[PDB]
Amino acid sequence: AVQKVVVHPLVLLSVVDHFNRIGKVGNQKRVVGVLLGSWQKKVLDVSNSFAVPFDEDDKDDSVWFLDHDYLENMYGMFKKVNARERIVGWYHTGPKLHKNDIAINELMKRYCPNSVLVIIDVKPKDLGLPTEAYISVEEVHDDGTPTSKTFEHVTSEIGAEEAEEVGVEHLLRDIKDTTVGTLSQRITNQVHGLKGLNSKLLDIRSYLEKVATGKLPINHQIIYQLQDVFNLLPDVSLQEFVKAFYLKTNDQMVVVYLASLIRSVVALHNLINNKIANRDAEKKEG
Amino acid sequence: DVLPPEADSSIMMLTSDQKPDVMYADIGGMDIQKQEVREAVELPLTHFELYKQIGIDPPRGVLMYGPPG
Amino acid sequence: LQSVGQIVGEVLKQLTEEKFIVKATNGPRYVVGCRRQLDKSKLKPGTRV
Amino acid sequence: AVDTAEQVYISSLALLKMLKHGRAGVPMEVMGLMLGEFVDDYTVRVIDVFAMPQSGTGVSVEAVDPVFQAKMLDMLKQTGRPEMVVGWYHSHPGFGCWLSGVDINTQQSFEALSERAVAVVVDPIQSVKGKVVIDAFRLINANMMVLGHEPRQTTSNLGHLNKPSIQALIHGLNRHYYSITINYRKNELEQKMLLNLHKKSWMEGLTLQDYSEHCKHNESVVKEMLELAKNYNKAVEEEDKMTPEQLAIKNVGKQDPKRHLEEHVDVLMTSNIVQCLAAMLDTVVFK
């Protein structure tokens, strides 16, 4: 169905300022809007979006209000300026998914049979991506219901277009990477990976702590996946693995040795050239 | 700016509707000229090492002349 | 009376996604761009633009 | 009267919207209207912009079409946005920044409706990785010049920091309209949000690549290293057999190993070191 979704910075800025301008008026918690984008093969692209009047009550999670005519006429109005765009799904800025999401998704599945839900965090505090992508599906199991509606995650990333790229480059004057080389290849890849892995393990720790003491709704799929995780850890004490590891490392170090030798030779040549060329400049002054 | 190679006129004779499906079998009787053209054109393209080693300086081009037909 | 004509030329090849090289009816050859909505699958070398 | 210290403040969203809209319709001149407010008579703030439908088969569109504008204005209010229009904008692809002959008449309508509007011109194809080309103009009348007086009375020296281009002078400019300075307002929230581009997940930094293509790449690199090594001494020997005045021109058609080997060395060292270190820590992170 869907493999990857790509998000442009334009919709992010639109989400941010919509949240600001609607939350300044009063103490609302969640806001809703509709996205526009394009399809190609199994890859989805999001270009722009517009807001919509939405109301929800904190007293109960079964009462809420959206506007149909607003959405219809606003889509018709954006049609007259660019016909390539089309309705693809909706977004809500909630920190975490709510109970009513299934109902709203069913409500606006009429305009797009393959609606995709997107969650944007407006005040991130970590290095992770602010966007999360979900798609509805029907799940089946042993007993309880033949089918049940459930969300499933889809990989998301932030893309860029040429004009958008030059705009965001002009906007990001203060912050720019120091060097491109082993620096950006090391810190941006390895340390952040350790951070993310530790965070994930902490979250699963928290859920496991919630069980066998507290609420205790023992679920079995999580247990099956945990067994699969704990069974897949390799063993590094095997003799053959150690021998192969040593062989490959010894094979690899020779190349660095050779490159260092070449660099030393080039440095000596440069020193000779500079000294010879510069020693012949003092006598010209007389 | 510098530019990658570019041309005009006849381009490549791109082999789709360009191979003229005329075989060597349909030509009969001119084995002398056939051998001369082969030696002066095709062999230097493939077996250049023998040409360099014997030292015979392969020709740059050829000319054909004769009555029409 | 609110329209203008367009020059006529012949395409030769395309360097990248947005850059072509075209030759007018006369001599000079130019490195030019293309319209965004126009299809790019019909621009084989030798056609008239 | 008016002064030369007038300032205009453009947000980030408005800039990006207008840039994308201008780049989309490159071969013609698209147009739209802005919106914001006049907090005082020295600075004008614009907060949002929107494009408008155009009539094709041309490069200019008249701005008079009340239905669409009125509908957009009365519909944006339902979700915040109580602001009013402050001016219009259009894009010149690859030309520069000025006002054509019809543009004076076009902005005359906005001047009549409100005497303190402004016109914004953006160049979509002359900007790359910074230095976006955007200018802002206002019109003047010739009767006041007949009186031997000049507009834009000067009270300070912060209005003459940028010298205009020669092509702006070639067209009307100072004898028909005056340009005003521009500025971009930046806050911490949107700037912090925007720097997430090209960031990669924690998975991409722990994969250690295949151990079969790596040796192929090293083997490929070593051979060209060998050939450049063989070619180095030939150029080293003849470095001084010829007068140095033509030494630089001698390297105009053929490559030189000295410059062409350092990149090989650098990429090779970087790849080998990072590939070693990744496996080094991964051997103990997992079990």
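In order, the residues displayed for chain D correspond to 24-310 in Swiss-Prot numbering, which applies throughout.
So this one's electron microscopy, 3.4 Å, going by the header.
Using N, Cα and C of the backbone, Cβ positions are placed for all residues, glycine too.
What Swiss-Prot says about this one:
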BINDING   D:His113, D:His115, D:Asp126  Zn(2+) binding site
DOMAIN    D:31-166  domain 'MPN'
MOD_RES   D:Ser150  phosphoserine
MOD_RES   D:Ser224  phosphoserine
MOD_RES   D:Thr266  phosphothreonine
MOTIF     D:113-126  motif 'JAMM motif'
Beyond the flanks of the motif 'JAMM motif' (D:113-126) by at least 6 residues, Cβ under 8 Å: 41, 44-45, 48-55, 83, 142, 144-149, 156-158, 160, 162, 188, 190-191, 194-196, 199-200
Nearest of the modified residues (D:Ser150, D:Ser224, D:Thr266) to D:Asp126 (Zn(2+) binding site), judged by Cα-Cα distance: D:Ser150
Of all listed recorded positions, namely D:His113, D:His115, D:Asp126, D:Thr266, those lying near chain A with CB under 8 A: none
Least buried by Cβ count (within 10 Å) of the modified residues D:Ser150, D:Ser224, D:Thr266: D:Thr266
Around the Cβ of D:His115 (Zn(2+) binding site), the count of other Cβ atoms that are within 10 Å: 20
Three-class DSSP secondary structure - D:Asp126 (Zn(2+) binding site): helix
Proximal residue to D:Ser224 (phosphoserine) among recorded positions D:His113, D:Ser150, D:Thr266 (C-alpha distance): D:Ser150
Nearest of the recorded positions (D:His113, D:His115, D:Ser150) to the residue listed as 'phosphothreonine', judged by Cα-Cα distance: D:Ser150
Residues of the domain 'MPN' (D:31-166) by DSSP state, where helix covers H, G and I: 39 helix, 40 strand, 57 coil
Count of other CB atoms lying within 10 Å of the CB belonging to D:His113 (Zn(2+) binding site): 21
Cα-Cα distance linking D:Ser150 (phosphoserine) and D:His115 (Zn(2+) binding site), given in Å to the nearest integer: 12
Distance, D:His113 (Zn(2+) binding site) to D:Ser150 (phosphoserine) (CA atoms, angstrom): 16
Other same-chain residues whose Cβ falls within 8 Å of the Cβ centroid of D:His113, D:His115, D:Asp126, the recorded Zn(2+) site, in sequence order: D:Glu52, D:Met54, D:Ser114, D:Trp121, D:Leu122, D:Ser123, D:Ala142, D:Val144
